[PDB]
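Shown next, in structure tokens, is the structure this report addresses.
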Amino acid sequence: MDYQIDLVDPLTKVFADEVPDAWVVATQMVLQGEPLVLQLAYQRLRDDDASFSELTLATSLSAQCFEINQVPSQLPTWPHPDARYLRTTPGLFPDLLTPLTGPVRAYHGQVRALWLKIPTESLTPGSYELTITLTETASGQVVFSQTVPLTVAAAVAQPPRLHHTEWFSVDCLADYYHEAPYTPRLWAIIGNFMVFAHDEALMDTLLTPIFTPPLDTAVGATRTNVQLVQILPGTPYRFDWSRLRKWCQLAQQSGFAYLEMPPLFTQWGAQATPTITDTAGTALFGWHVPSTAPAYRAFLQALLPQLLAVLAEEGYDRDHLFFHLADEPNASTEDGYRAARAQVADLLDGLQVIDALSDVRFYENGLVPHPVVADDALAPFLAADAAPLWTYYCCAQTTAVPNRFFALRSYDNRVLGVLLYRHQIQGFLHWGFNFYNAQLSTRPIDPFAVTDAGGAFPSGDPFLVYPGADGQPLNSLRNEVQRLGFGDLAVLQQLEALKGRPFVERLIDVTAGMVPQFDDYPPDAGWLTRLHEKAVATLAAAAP
Amino acid sequence: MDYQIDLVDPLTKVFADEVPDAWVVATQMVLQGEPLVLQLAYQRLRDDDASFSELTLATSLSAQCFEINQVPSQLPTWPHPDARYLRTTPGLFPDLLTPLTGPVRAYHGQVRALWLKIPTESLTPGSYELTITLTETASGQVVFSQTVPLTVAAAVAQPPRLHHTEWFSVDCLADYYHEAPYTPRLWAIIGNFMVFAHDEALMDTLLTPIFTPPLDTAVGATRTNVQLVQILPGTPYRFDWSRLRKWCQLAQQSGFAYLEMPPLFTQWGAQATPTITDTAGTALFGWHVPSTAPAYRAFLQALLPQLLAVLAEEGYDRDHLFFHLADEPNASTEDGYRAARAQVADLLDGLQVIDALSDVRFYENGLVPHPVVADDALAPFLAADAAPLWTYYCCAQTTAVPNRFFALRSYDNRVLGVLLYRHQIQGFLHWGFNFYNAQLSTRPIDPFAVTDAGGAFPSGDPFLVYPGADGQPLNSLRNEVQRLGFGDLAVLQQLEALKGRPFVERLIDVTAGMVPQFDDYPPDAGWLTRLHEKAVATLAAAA
Amino acid sequence: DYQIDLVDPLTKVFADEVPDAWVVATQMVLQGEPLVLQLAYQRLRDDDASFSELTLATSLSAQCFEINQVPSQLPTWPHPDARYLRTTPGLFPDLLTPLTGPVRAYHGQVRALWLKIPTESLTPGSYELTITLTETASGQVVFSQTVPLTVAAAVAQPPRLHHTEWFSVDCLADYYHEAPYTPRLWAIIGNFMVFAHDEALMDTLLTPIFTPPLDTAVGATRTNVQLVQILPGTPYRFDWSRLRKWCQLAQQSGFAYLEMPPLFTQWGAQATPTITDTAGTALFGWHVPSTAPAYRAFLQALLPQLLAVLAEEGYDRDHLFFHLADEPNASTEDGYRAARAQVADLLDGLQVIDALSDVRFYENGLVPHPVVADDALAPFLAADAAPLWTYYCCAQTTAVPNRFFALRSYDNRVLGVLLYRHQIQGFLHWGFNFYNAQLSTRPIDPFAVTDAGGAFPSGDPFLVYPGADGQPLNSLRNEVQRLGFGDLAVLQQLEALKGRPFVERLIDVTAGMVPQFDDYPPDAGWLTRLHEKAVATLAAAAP
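Residue numbers (the deposited numbering), protein chains in the order written: chain D, 1 to 544; chain C, 1 to 543; chain B, 2 to 544.
Have a look at this one:
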């Protein structure tokens, strides 16, 4: 009666001021390598003179444990929020994950939660009993004990097949951690952020600042310079490659199979050029030099043969590279995109060139052969059978479709996985791995205090990871939930290897009661848990 | 149509969550020098496709204007909150003030507020007409206009008389801005904070780190070293005053009349000494050297004559200095205070030594002749007619008494001023000007994200000011409200100059309906406004 | 032009203040349970008319009331705690009047409506309730709001609890100018009896067998309301016609229990009730001691005969409550013994109840069935006393539930969950309709004087007001207590489904603590959540 401690659904968001639903315990089954994921909520009902009481966690198998931290939001939603959104007004939302490194503090008058992962690659197949205990460190009384049966199947977890890039901001690390591009300490921090990106965020593709990306910048303004290709004073062009080389050695070592090149013109119109300097610091391109400048055709004609040469030397052939022209064109800016392409189409021969888009006309016009499409605009590109096809979401995908905002359900994030599968999407892109700026980079923000880009974007949009004091990225609930969805993709793919694709499509549709669509998926979240278990049971029932 | 915009009482806290009540415009009267202070709440009612619509602010007279910023709290109260507390669970609280440097953004679905002050120091006496307007930047249409009459008496606002110290942490600036003690950029930042403290927090007294203060430190741990007195290696003690000369020059140029020295012994038990090193970096004193160490007694017999001489050269004589023995002894540590006392008492003859208590018993013993007394513990000291008397408040003053927590009313902050007056308290001390650490300084915290010392202290306790990115302090609502309380104390002091004390005491009591006490003051704030008005009208009429 | 908003049912809307809005959320009710909303309104447009007229419509049948501002000159007793909303003489929202025409929206003042949507006749499902206000000059719509409503298939069961609010016939006599007992007085008594059972949720009625010895100055006489009449002369003959009348209206109005008045005088039990014969000659009263052998002989005659008449009216020994005298302390204890000893043998077999705040006198067996003040329950709960009742009155000013105009509506409704949590079998209040000054020195006008002539906090003495047509008018204090009772009912309905432990567990978890009578959560939202959870669980188990 002194404590209220309970396991909860991993898709619940635990708010400090409401008691959540208990998970009813049932036997679990995981492929060997697949972790078991639980969430545990807790408060101290005893009304004594101390604000909290210390508790000791124990597990009968090795686990990895996080505290879930409440973080502020001043703009949880954009206008006209639909009925999926949990809350709507400025408040606190759960998101940040800090490692558990001592006793847990159970507070009176408010609820808190832990994130628990039980790794399984060391476990010989068979049946287990997982006991979780909390002990009042002051008295040695055991206040919580819960046993969860865990079967580890003979079948090994395969990883998912999908291209995944979450845009990377080197300037945001420079500014936050107070380090000139590119000190040794900055290189160490970038390293840490890259290992997280590959291993924990399940990225195979990485944005590489060949020059400072012409992205999220105010007309006329300037992000901290992060160009990896450096250029000596002088008009016959001579390149210094040392930073690119070091960059690629760290990506390779961090596990990246692909690098993604920044856009060659400016966002939303392709009107100007990226802010490029020489080694003295003298601007050569920028907002004052239009896209159609002859000087910039000449700059690139020189650069592109040599740059591919350097990238191949570092283990990235033309089949392991993605290029961009300009980001997020629509009908208004059709002819800007056209005009800029015309300056450069003949230089990008045989390269894979992609761009993020909503308007199918750009694909039929052939301006954009390889489109990344908004997840509320997919239907016209499915009609036309475009392959390959990628998807993305951002501030603007507010209605009916998947997204990761603080004020939405975790289910709206996780449900991406099955939907990538069901509709044969090959890639997923997102602009905000680590954007710690106000809209249009007018100034830096503190990501622990501001999650809404300075009151411009719904919270949860601009960054997936927080910058730890030690230079190490801190995990988020949004990322751990995105992982569950990627683990859904991967078991469905593994199931398709054993049976039809037809078989898996029938099984998704029957478990949903419908063909799940990106803008129309079931209102209840329980069907995902049931698809995932069925998939896992069919692969186990069939293993040697 | 379209917007919803109203003036609100200065003592209202506007949540992003709720519409507050409108101030009914009355004529204001100010003595000359005294600012008019207003608050303005705002919201866009039109449900378009933009989240917000920019507005422009104009005033008839020069205003300093601030946007009021919502800040997170994970621990709004300690156990068993009384019913004065506004909210009692984790959420956002209005506290941080940022200069308004452009248009204001009126959002749909959420309320926001500005703090406005109209200086009066340059208006010649008379009747003015303060008009406040907001214009929609898109449509050039005016969507808010209110006019507040303002009278400026020929009578001049005199400043409050009272010792006030709010403990300063150099280690917290060093760590937040990532500057080693003591670089040129750290000196400039310290200066910025020192000028806010005097002019904007109304302090006359500054905590001066002769050595790193033995405060809020876990047994056996260490904060960044900020000691102003440097010791050269070797046993006939040679000292380097350079850091301390610089400190005192910035202190004096910022207007501080008094400096406060840190405790000579460790907090609570008084068991050990402060962490002092030499120029090579070698530990001379600390947790591993007891208070009763002959060496430490020797060190202070060398240090105290030489430091007094140097402070006097910086223009702080023995009657402008406060000294500390050990913070916060209680019944069970009483002997440790005695033992430490008896090592150094002979070296402190003719110095003003003070320490902070809740137990009256250390006063009854003569152990602490000059007590700083918790504001929920005053009654036995008032009765034992102790004088001089200072008071303080911290985490541990949760019930029935003045404090500044995010979750208490602004009233509970502002009332402090009349109560100092009424009960003849001579000083006010607070431990948290700018503590940007977790409890016991086990690590630094982000003061914009964490306001409760890592979930140990009710939010609004550990710091008064925030660290701006330019290196300048950012103001708080808590400070602005407490400045109103000092404004109350000032006019009542000025009124007692004209009539006696009995006259003023009598006006307080009749206006309140009762003799107001620290643990028993009227339920509604209105009476503070009426007494402020009464005392101003009377003073103006005498000019 | 207008400013119109749904507000929380627990909000008190003052004329001089805009209250916070209710964010619409899907409402779930059991079938039979009503949806209750409050609606605040004002005109912003500043024309030359003081008000403009509006028409209300609702897509479902609604029962609607205007909330009326009523005066108080004594809002609190001394030393009020911080829960008290206002504490000086003003106007307070309380009286409820049927809405018979259009709403008048005024400039410079806020007003409110109380809205109830019955549900007994909706078949289960999802509904959309639309609420609209339409300016009548201009035929346009100035407010529209849809609130979603699910009516479960699971049926709302009534609360289990004994509840009496003491009834004063003399106050109906005096106010409507009717001598006991005329045809028109009987009809007005019935109107009040019907409200009592059906609208105030009483199962028990105080029956004036003789004029109740309550609220009477020593040596005085309230109007004679005795239903039992006594022919003149010493071999005692009784006339039952007024009793039979009383009992029939009581039974037709739905009362299962009748409550007999105290046998001895208040505060000491020194003397006897003011009893006359039919000539008018006084047989008992202030002039006859309680030890008088005549009073015992009067009751040995009366009691067997009254029990027989009451059983004819359908009220047996298990459906009657008897009183002796209230509040034995160290003073009165000696004469309460004296008096008790004079009659105890006649009362064996009968349920005898009395007010008691000292547990010694329960243990003693001096008072077997105690009605305990809600600020004194701890020692009785410590002794597992059972059955146990509670009351509150002028004297329960601090930390505990009450009804006062100046308290939060929260502090009234919260009683429901606390009665459940602590297994309290019954609730008694003294003031159903006391329209007199203290000690019954004179009648008062209940629309103009709400504090018994400046004696008791306003909201204490009566729950209903007297309508011009001789029908009771409702009050907000009554509507809010009906919420509290609705909470108790769902919690009891849920205990039939799970057990008590499960329901205690949900109470404590939702509250974040074990709620006590003198220590319940700071904020009221936890009640709304608790009520929602209970209802969702009962709906889910229906087949």
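Even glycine gets a Cβ: it sits at the ideal position worked out from N, Cα and C.
Asked	Found
Determine the contact status of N437 of chain D and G485 of chain D, defining contact as a CB-CB distance below 8 angstroms.	no
Does any residue of chain C bring its CB to less than 8 angstroms from the CB of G427 of chain D?	no
Just the Cα atoms here: how many angstroms apart are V491 of chain C and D385 of chain C?	25 angstroms
Compute the beta-carbon to beta-carbon distance between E121 of chain C and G191 of chain C, rounded to the nearest angstrom, for a pair I have assumed lies under 8 angstroms.	Not quite, the Cβ-Cβ distance comes to about 24 angstroms (not below 8 angstroms), so this is no contact.
Is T151 of chain D near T131 of chain D, with beta carbons less than 8 angstroms apart?	no
Does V510 of chain B get closer than 8 angstroms to chain D when you measure Cβ to Cβ?	yes
Report the three-state DSSP secondary structure of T147 of chain B (helix, strand or coil).	strand
Should the segment 133-143 of chain B be called in touch with the segment 74-88 of chain B, which here means at least 3 C-beta pairs below 8 angstroms?	no
Using a beta-carbon distance below 8 angstroms, is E18 of chain C in contact with chain B?	yes
If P263 of chain C and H324 of chain C are in contact, beta carbons under 8 angstroms, what's the gap, nearest whole angstrom?	4 angstroms
Rank C:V19, C:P35, C:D9 and C:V289 by C-alpha distance to the C-alpha of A26 of chain C and give the top, closest one.	C:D9
Relative to the C-alpha of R105 of chain D, which candidate in D:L116, D:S62, D:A41 and D:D95 has its C-alpha closest?	D:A41
Could you list which residues in chain D have their beta carbon closer than 7 angstroms to that of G91 of chain C, in chain order?	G91 and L92
Given that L308 of chain D touches chain B, what residues does it touch there, using C-beta distances under 8 angstroms?	Per Cβ cutoff of 8 angstroms: no residues; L308 of chain D is ~57 angstroms from chain B at best.
With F66 of chain D and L114 of chain D assumed to form a contact (beta carbons below 8 angstroms), what rounded beta-carbon distance in angstroms separates them?	6 angstroms
Can you list the beta strand (DSSP E) stretches of 3 or more residues lying completely in the segment 162-216 of chain B, in chain order?	163-166 and 205-207
State the start and end residues of the unbroken alpha helix (DSSP H) segment that holds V504 of chain C.	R501 to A512
Against chain C, with Cβ distances strictly below 8 angstroms, would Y85 of chain B count as a contact?	yes
Taking 6 angstroms as the limit between beta carbons, can you name the residues of its chain near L38 of chain D, skipping five residues before and five after?	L7 and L116
Use the C-beta contact count for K13 of chain B: other C-beta atoms within 10 angstroms, 16 or more gives buried, fewer gives exposed.	buried
With a threshold of 8 angstroms between beta-carbons, can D488 of chain C be considered close to chain B, or not?	no
Along the chain, where does the alpha helix (DSSP H) that runs through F486 of chain D open and close?	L477 to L498
Compare the Cα-Cα distances from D346 of chain B to each of B:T279, B:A298 and B:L259 and report the closest residue.	B:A298
Based on the DSSP secondary-structure assignment, which residues constitute the bridge partners of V104 of chain C?	C:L55
Where does the unbroken alpha helix (DSSP H) through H532 of chain D begin, and where does it stop?	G526 to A540
Below 8 angstroms, can you find three or more Cβ-Cβ pairs linking the segment 413-426 of chain D to the segment 435-450 of chain D?	no
Per the DSSP calculation, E129 of chain B is bridged to which residue(s)?	B:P149
What does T88 of chain C touch in chain B if you count any residue whose Cβ is under 9 angstroms from its own?	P522, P523 and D524
What residues in the segment 38-53 of chain D bring their beta carbon closer than 7 angstroms to a beta carbon of chain B?	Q43, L45 and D47
On the criterion of 16 or more Cβ atoms from any shown chain inside 10 Å, does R341 of chain D qualify as buried, or is it exposed?	buried
What number of angstroms, rounded off, separates the C-alpha of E480 of chain D from the C-alpha of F448 of chain D?	18 angstroms
When the distance is taken between beta carbons, is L489 of chain C closer than 8 angstroms to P160 of chain C?	yes
Which full runs of the beta strand (DSSP E) of 3+ residues lie inside the segment 287-314 of chain D, going along the chain?	none
Kindly list, in the order they appear in chain D, the residues whose Cβ is closer than 7 angstroms to that of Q110 of chain C.	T89 and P90
Would you grab the beta carbon distance between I210 of chain D and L284 of chain D for me? Rounded to a whole angstrom, and I think it's under 8 angstroms.	Not confirmed; about 14 angstroms, so no contact.
Could you tell me which chain D residues have their CB closer than 7 angstroms to the CB of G140 of chain B, listed as they occur along the chain?	Result: empty, since nearest Cβ-Cβ is about 29 angstroms, beyond 7 angstroms.
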